[PDB]
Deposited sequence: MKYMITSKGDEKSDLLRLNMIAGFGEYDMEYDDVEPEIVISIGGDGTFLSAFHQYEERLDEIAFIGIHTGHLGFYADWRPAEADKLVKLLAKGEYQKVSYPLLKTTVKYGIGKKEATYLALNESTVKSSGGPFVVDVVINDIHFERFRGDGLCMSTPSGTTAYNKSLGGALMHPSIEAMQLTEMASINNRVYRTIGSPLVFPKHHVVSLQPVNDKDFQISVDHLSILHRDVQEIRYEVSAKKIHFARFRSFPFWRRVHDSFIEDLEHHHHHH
């Protein structure tokens, strides 16, 4: 049906995009980047993340496909050599759709609210000075965190920043989010859990300022300075990202290919 193609913007990806558009012109496929049903991302995971956020208002009407022109991007299913096969299989449809969970971040201020959706993770750090927040889980005070910051990851995000922080890798069929620490301070007077925490759907993790109320909050690639923050709330989103699958590429094989050998 309606489709669009985003490109990393180097010569290789731009030309691949033009060739796929040319191939799509031989089928009942309309190029439409306002209301597409298929969104093809040609580049790396950064490119794929930008495509996700470009259309995060129509996630229920869109199936995503990634082509990796560099190395194996984690959200990519195809090499550039298979683009013609992809054009052909996509045009005839009848594919499988799989869905990964997403993370909802709510930022509340004094004398307002903003919500963000993350495919990989949302992190919080301070605006320069020391980072201290109270961690509140389903309204019970769990810990006072002192350190560099905190990272809340989706399942598919667990192989990204979460992994570098010592977090566990979670299969994306698990509707959950995972909280990892960035360089926590632990001594006689300061104490955190240390371990990563995995939360199910409907659990709410709230960060509440102790002194400083300015924070640098990242959502996937995007990092914003937020001022006069009263609370940051994390929960598994009700929204999901949908992928168009045309063949078996299991998550654990994807992990193996990216970290063990390929």
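**Student:** Do you know which deposited regions have no coordinates at all?
**Tutor:** Gaps in the modelled chain, taken against the deposited sequence, lie at 112 to 113, 265 to 272.
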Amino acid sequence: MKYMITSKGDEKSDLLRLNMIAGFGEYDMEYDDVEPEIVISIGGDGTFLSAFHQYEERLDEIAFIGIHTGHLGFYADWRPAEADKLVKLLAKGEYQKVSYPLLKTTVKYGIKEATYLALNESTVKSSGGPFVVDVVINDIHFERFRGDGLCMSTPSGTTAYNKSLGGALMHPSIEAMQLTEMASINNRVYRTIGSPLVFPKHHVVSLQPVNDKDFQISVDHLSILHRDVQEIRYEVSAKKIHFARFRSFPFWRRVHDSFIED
From here on, numbers count along this sequence of modelled residues.
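Note that the rigid core is defined as the largest set of C-alphas that superpose within 1.5 Å between two forms.
**Student:** Could you tell me which of the two stretches, 177 to 185 or 77 to 85, has its Cα atoms lying farther from the shown structure in 6 other deposited structures of this protein after fitting on the rigid core?
**Tutor:** Clearly, after the core fit, the stretch farther away in 6 other deposited structures of this protein is 77 to 85.
**Student:** So if we fit everything on the core, which stretch drifts more in 6 other deposited structures of this protein, 203 to 211 or 189 to 197, C-alphas only?
**Tutor:** It is 189 to 197 whose C-alphas lie farther from the shown form in 6 other deposited structures of this protein.
**Student:** Among the other entries that model both neighbours of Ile111, does it go unmodelled in a third or more?
**Tutor:** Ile111: unmodelled in at least a third of the other compared entries.
**Student:** Go through the other compared entries with residues on either side of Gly70 and state whether a third or more give it no coordinates.
**Tutor:** Counting only entries that model residues on both sides, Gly70 is unresolved in at least a third of them.
**Student:** Compare the mean C-alpha B-factor of 250 to 258 with that of 15 to 23 as given in the PDB entry, and name the stretch with the higher value.
**Tutor:** On average, C-alpha B-factors are higher across 15 to 23.
**Student:** Taking the recorded C-alpha temperature factors, which stretch has the higher mean, 38 to 46 or 24 to 32?
**Tutor:** Of 24 to 32 and 38 to 46, the stretch with the higher C-alpha B-factor average is 24 to 32.
**Student:** Among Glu175, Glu113, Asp148, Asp139, which carries the highest Cα B-factor?
**Tutor:** Reading the PDB entry, the winner on C-alpha B-factor is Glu113.
**Student:** Taking the values straight from the PDB record, which of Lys213, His202, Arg233, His53 has the highest C-alpha temperature factor?
**Tutor:** Most elevated C-alpha B-factor of the set, per the entry: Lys213.
**Student:** Sorting the chain's modelled residues by C-alpha B-factor, tell me whether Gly194 ends up in the lowest, middle or highest third.
**Tutor:** Its C-alpha B-factor, which the entry lists for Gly194, ranks in the lowest third among residues of this chain.
**Student:** Relative to the other modelled residues in the chain, which third contains the C-alpha temperature factor of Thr69: lowest, middle or highest?
**Tutor:** As the PDB entry reports it, the C-alpha B-factor of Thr69 lands in the highest third of its chain.
**Student:** Select lowest, middle or highest to describe the third in which the CA B-factor of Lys163 falls within its chain in this entry.
**Tutor:** Lowest third of the chain for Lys163's C-alpha B-factor.
**Student:** For the chain shown, is the CA B-factor of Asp77 in the lowest, middle or highest third of its modelled residues?
**Tutor:** Answer is middle: the recorded C-alpha B-factor places it there.
**Student:** Using the temperature factors of the C-alpha atoms in this entry, rank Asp84 within its chain: lowest, middle or highest third.
**Tutor:** It falls in the top third of the chain.
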